[PDB]
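J.: The structure is given below, and queries will be raised subsequently.
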Amino acid sequence: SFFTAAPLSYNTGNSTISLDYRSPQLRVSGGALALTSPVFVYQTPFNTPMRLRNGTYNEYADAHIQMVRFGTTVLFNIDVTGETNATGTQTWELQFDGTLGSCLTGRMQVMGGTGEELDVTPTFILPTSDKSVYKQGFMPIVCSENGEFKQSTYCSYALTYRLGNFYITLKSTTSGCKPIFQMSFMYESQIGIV
Amino acid sequence: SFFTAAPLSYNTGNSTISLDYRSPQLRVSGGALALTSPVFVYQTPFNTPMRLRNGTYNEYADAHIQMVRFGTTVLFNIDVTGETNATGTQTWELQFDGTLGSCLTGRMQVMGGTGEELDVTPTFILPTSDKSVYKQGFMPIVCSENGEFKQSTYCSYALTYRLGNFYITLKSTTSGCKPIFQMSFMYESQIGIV
Amino acid sequence: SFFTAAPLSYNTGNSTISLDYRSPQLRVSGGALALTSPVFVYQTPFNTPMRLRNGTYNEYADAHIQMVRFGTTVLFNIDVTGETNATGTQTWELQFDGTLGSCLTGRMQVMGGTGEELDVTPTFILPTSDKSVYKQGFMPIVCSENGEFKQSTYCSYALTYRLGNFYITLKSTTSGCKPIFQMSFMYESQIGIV
């Protein structure tokens with residue numbers, strides 16, 4: 001009495017309507033359609049940067065942060081706009097709840113493509129369930145101000161746990177300029193999205 | 001007289017067949033199934049790099065460009081192959097329609113993972129047109145030629161609107177060499193995919 | 001008798017139940033629902049970095065590698081930890097079967113967001129089915145060791161085919177530090193995911 005158009009299908013044998021889906025890309029979890037590899041972005045809200053402090057110094061920066069989850073990888077991106085000219089090494093540190101992944105340093109949200117916040121625990125940014133991470137390195141950066149080149153330099157990144165919480169610690173090295181730069185790196189998360 | 005297999009369900013109360021989905025991953029858009037955070041790419045066509053001129057000078061480059069949207073984030077990547085050795089700073093300007101996002105400087109296409117062009121207006125690349133916002137910065141780049149290292153240097157990027165249109169302006173600085181480099185940076189789009 | 005809730009719809013003119021979907025995001029392939037631009041990651045397994053040799057020198061490094069496919073672009077990322085304070089330049093080469101894409105140099109797997117391996121042939125990392133490619137460049141890198149800056153330098157990358165197989169060849173230039181660095185770059189794949 002009715003027909004079903006692909007990707008819906010009807011089995012006359014058992015009188016059952018099904019959805020056919022490609023299993024490398026889509027799956028069913030708890031009876032509900034989902035993706036095998038959804039994109040989630042955990043970020044500072046739209047043009048709403050986080051206020052960071054250089055350790056105990058009276059030196060601050062605004063930071064826009066995006067943490068993009070692709071498969072089990074996390075692409076970390078930060079845009080730092082320091083307020084104060086400095087020589088030496090500044091420590092910009094981000095703290096995340098060791099269970100939830102929620103940023104404790106400033107406000108971040110899981111953000112869909114519509115621009116709406118998603119009510120999704122950000123555990124997908126945590127490197128491990130067991131707190132045993134090792135990840136560190138350096139990226140080249142270029143400091144500038146008002147469109148003018150200031151300095152070619154570098155910034156370290158390190159992933160650690162302290163007092164049970166997850167830290168991403170960034171250390172920029174400057175020689176008179178304001179620490180104003182963008183950098184990115186990738187790390188792996190062993191936390192699956194199910 | 002019929003049943004439904006998950007992720008399809010049937011409610012006896014209201015005689016209604018539904019699709020059950022995970023709302024952080026899938027959603028309904030104007031009656032139709034969609035992703036919460038779809039990937040979209042606006043790019044130069046396969047083997048069809050864009051011809052760019054360095055301002056008013058008789059100096060040109062070919063550029064392959066990809067603009068990757070996920071969540072509200074845009075990852076911009078460019079591969080610039082300059083023709084002429086230069087000492088100084090080159091200005092590469094990309095112009096896009098300020099309402100539609102369409103590239104005015106050369107041909108770009110919205111491309112699916114299928115390898116087919118998608119009939120999608122590329123508004124998803126457009127950042128905030130608030131004229132008090134000056135999204136910009138610098139990235140480190142390496143100039144080379146035919147696999148040979150030439151220079152470690154830098155390139156600026158600046159996002160602006162003027163004359164109703166969206167501009168990405170890149171400025172590469174060279175000493176002696178052709179401007180031949182790849183660079184990427186991230187920004188945010190104001191335009192929700194709905 | 002039945003009703004349908006969006007995204008399911010019923011056409012009374014032809015007695016057909018359909019799933020409405022947004023074609024730039026979702027599609028139907030061989031009667032099954034799929035994504036237009038799925039994310040796939042081809043990577044080294046967690047805690048199973050690949051052992052790479054510097055040509056025929058007795059010099060090795062361990063590499064975590066992710067190759068993230070979005071739309072038709074591949075984001076390549078490598079995290080290298082070498083052992084031997086290098087002398088000059090070291091060449092790290094990855095080989096992939098030119099038909100199936102499988103890494104022949106060491107163990108890689110297609111990994112879902114779920115944290116589970118996916119049974120997908122990795123053709124999506126191949127530049128073309130034609131077995132031809134021209135793509136080369138340099139990225140700036142920073143070598144470090146145990147949190148300490150060592151050198152700001154560069155790494156070349158080149159995409160080629162030899163004897164019908166696809167090669168990614170990286171040449172890192174160090175002055176007398178261990179090759180310990182991360183680098184990434186993007187390239188285009190003309191192999192559609194269909």
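Labeling convention for the structure tokens: chains A, B, ... as they appear, residues from 1 per chain, ligands from 1 in order of appearance.
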Restrict the calculation to only C-alpha atoms, then for each residue of chain A with any atom at most 9 Å from an atom of chain C give the closest atom pair and their distance in Å to one decimal, rows by chain and rising residue number, as a Markdown table.
T.:
```
| residue | atom | partner | partner_atom | distance |
| --- | --- | --- | --- | --- |
| A:1 | CA | C:15 | CA | 7.3 |
| A:2 | CA | C:15 | CA | 5.0 |
| A:3 | CA | C:16 | CA | 4.5 |
| A:4 | CA | C:17 | CA | 4.9 |
| A:5 | CA | C:18 | CA | 5.2 |
| A:6 | CA | C:31 | CA | 5.2 |
| A:7 | CA | C:32 | CA | 4.9 |
| A:8 | CA | C:18 | CA | 6.6 |
| A:9 | CA | C:31 | CA | 8.8 |
| A:19 | CA | C:32 | CA | 7.7 |
| A:20 | CA | C:32 | CA | 4.7 |
| A:21 | CA | C:33 | CA | 4.4 |
| A:22 | CA | C:34 | CA | 5.5 |
| A:23 | CA | C:34 | CA | 8.6 |
| A:24 | CA | C:118 | CA | 6.2 |
| A:25 | CA | C:34 | CA | 6.6 |
| A:26 | CA | C:34 | CA | 7.0 |
| A:35 | CA | C:113 | CA | 8.4 |
| A:36 | CA | C:112 | CA | 5.7 |
| A:37 | CA | C:113 | CA | 4.3 |
| A:38 | CA | C:113 | CA | 6.7 |
| A:39 | CA | C:39 | CA | 7.8 |
| A:69 | CA | C:113 | CA | 8.4 |
| A:70 | CA | C:39 | CA | 6.9 |
| A:71 | CA | C:113 | CA | 3.9 |
| A:72 | CA | C:113 | CA | 5.1 |
| A:73 | CA | C:66 | CA | 8.0 |
| A:136 | CA | C:147 | CA | 6.8 |
| A:137 | CA | C:144 | CA | 6.3 |
| A:138 | CA | C:142 | CA | 5.5 |
| A:139 | CA | C:142 | CA | 5.7 |
| A:140 | CA | C:142 | CA | 6.1 |
| A:153 | CA | C:152 | CA | 8.2 |
| A:154 | CA | C:142 | CA | 7.5 |
| A:156 | CA | C:147 | CA | 7.3 |
| A:157 | CA | C:147 | CA | 8.4 |
| A:158 | CA | C:147 | CA | 7.9 |
| A:185 | CA | C:182 | CA | 7.8 |
| A:186 | CA | C:77 | CA | 7.6 |
| A:188 | CA | C:46 | CA | 7.9 |
| A:189 | CA | C:115 | CA | 8.9 |
| A:190 | CA | C:115 | CA | 7.0 |
| A:191 | CA | C:115 | CA | 7.1 |
| A:192 | CA | C:114 | CA | 4.5 |
| A:193 | CA | C:114 | CA | 4.8 |
| A:194 | CA | C:114 | CA | 5.6 |
```
J.: Mind checking which residues fall within 9 Å of residue 121 in chain B, counting only C-alpha atoms, ignoring those fewer than 5 positions away in the same chain, and posting them as a ChimeraX atom specification?
T.: /B:100-102,110
J.: Determine, counting only C-alpha atoms, which protein, DNA and RNA residues have an atom within 9 Å of an atom of residue 50 in chain A; residues of the same chain fewer than 5 positions away are not included. Present the result as a PyMOL selection string.
T.: chain A and resi 44-45+61-65+105-108
J.: Set the distance at 12 Å and use only C-alpha atoms: which residues neighbour range 87-91 of chain A once local chain neighbours fewer than 5 positions away are removed? I'd like the list as an MDAnalysis selection string.
T.: (chainID A and resid 52:61 80 82 151 153:158 167:180) or (chainID C and resid 149)
J.: Go ahead and write the selection's residues with C-alpha atoms as a PDB file, in the first residue's frame.
T.:
```
ATOM      1  CA  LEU A  52      45.046  34.905  30.142  1.00  0.00           C
ATOM      2  CA  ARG A  53      47.713  35.957  32.608  1.00  0.00           C
ATOM      3  CA  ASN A  54      51.468  35.462  32.299  1.00  0.00           C
ATOM      4  CA  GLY A  55      51.976  33.452  35.548  1.00  0.00           C
ATOM      5  CA  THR A  56      51.880  35.896  38.528  1.00  0.00           C
ATOM      6  CA  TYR A  57      53.107  38.835  36.411  1.00  0.00           C
ATOM      7  CA  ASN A  58      50.829  41.841  35.722  1.00  0.00           C
ATOM      8  CA  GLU A  59      50.828  40.949  32.028  1.00  0.00           C
ATOM      9  CA  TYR A  60      47.691  39.706  30.280  1.00  0.00           C
ATOM     10  CA  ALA A  61      46.579  38.607  26.841  1.00  0.00           C
ATOM     11  CA  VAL A  80      47.166  35.399  21.465  1.00  0.00           C
ATOM     12  CA  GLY A  82      49.197  40.357  24.532  1.00  0.00           C
ATOM     13  CA  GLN A 151      59.940  39.433  15.586  1.00  0.00           C
ATOM     14  CA  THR A 153      60.587  33.642  17.287  1.00  0.00           C
ATOM     15  CA  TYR A 154      59.131  30.472  18.847  1.00  0.00           C
ATOM     16  CA  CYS A 155      56.591  29.126  21.344  1.00  0.00           C
ATOM     17  CA  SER A 156      56.703  25.834  23.252  1.00  0.00           C
ATOM     18  CA  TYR A 157      53.657  23.692  23.959  1.00  0.00           C
ATOM     19  CA  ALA A 158      53.322  20.991  26.624  1.00  0.00           C
ATOM     20  CA  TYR A 167      46.998  21.540  31.207  1.00  0.00           C
ATOM     21  CA  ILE A 168      48.065  22.920  27.879  1.00  0.00           C
ATOM     22  CA  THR A 169      50.968  25.188  28.660  1.00  0.00           C
ATOM     23  CA  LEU A 170      52.378  27.563  26.049  1.00  0.00           C
ATOM     24  CA  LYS A 171      55.596  29.546  26.487  1.00  0.00           C
ATOM     25  CA  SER A 172      56.346  32.349  24.019  1.00  0.00           C
ATOM     26  CA  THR A 173      59.785  33.957  23.846  1.00  0.00           C
ATOM     27  CA  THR A 174      59.821  37.700  22.943  1.00  0.00           C
ATOM     28  CA  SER A 175      62.580  40.403  22.965  1.00  0.00           C
ATOM     29  CA  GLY A 176      60.731  43.679  23.465  1.00  0.00           C
ATOM     30  CA  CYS A 177      57.495  43.257  21.548  1.00  0.00           C
ATOM     31  CA  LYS A 178      54.016  42.462  22.687  1.00  0.00           C
ATOM     32  CA  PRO A 179      53.308  38.714  22.511  1.00  0.00           C
ATOM     33  CA  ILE A 180      50.834  38.823  19.595  1.00  0.00           C
TER      34      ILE A 180
ATOM     35  CA  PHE C 149      64.698  25.195  22.408  1.00  0.00           C
TER      36      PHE C 149
END
```
J.: List every residue of range 56-192 of chain A that DSSP, applied to the backbone of this structure, places in strand (DSSP E or B), and write the result as a PyMOL selection string.
T.: chain A and resi 60-70+73-82+87-96+103+109-111+117+135-145+148-162+165-175+180-188
J.: Got a sec: who's within 8 Å of residue 135 in chain B, counting only C-alpha atoms, leaving out chain neighbours fewer than 4 positions off, as a PDB file with N, CA, C and O atoms, in the first residue's frame?
T.:
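Everything below was put into result00.pdb:
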```
ATOM      1  N   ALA B 158      45.515  39.553   6.572  1.00  0.00           N
ATOM      2  CA  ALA B 158      44.593  40.556   7.109  1.00  0.00           C
ATOM      3  C   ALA B 158      43.240  40.345   6.465  1.00  0.00           C
ATOM      4  O   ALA B 158      43.141  40.220   5.235  1.00  0.00           O
ATOM      5  N   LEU B 159      42.213  40.230   7.293  1.00  0.00           N
ATOM      6  CA  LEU B 159      40.834  40.115   6.829  1.00  0.00           C
ATOM      7  C   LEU B 159      40.143  41.455   7.015  1.00  0.00           C
ATOM      8  O   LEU B 159      40.127  41.987   8.123  1.00  0.00           O
ATOM      9  N   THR B 160      39.569  41.978   5.953  1.00  0.00           N
ATOM     10  CA  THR B 160      38.828  43.271   6.047  1.00  0.00           C
ATOM     11  C   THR B 160      37.610  43.259   5.148  1.00  0.00           C
ATOM     12  O   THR B 160      37.510  42.421   4.268  1.00  0.00           O
ATOM     13  N   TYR B 187      40.502  31.418  11.139  1.00  0.00           N
ATOM     14  CA  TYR B 187      39.639  32.478  11.574  1.00  0.00           C
ATOM     15  C   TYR B 187      38.232  31.952  11.828  1.00  0.00           C
ATOM     16  O   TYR B 187      37.962  30.748  11.698  1.00  0.00           O
TER      17      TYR B 187
END
```
J.: Enter the distance from CA of residue 123 in chain C to CA of residue 74 in chain B, in Å, rounded to one decimal.
T.: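 These two atoms are separated by 25.7 Å.
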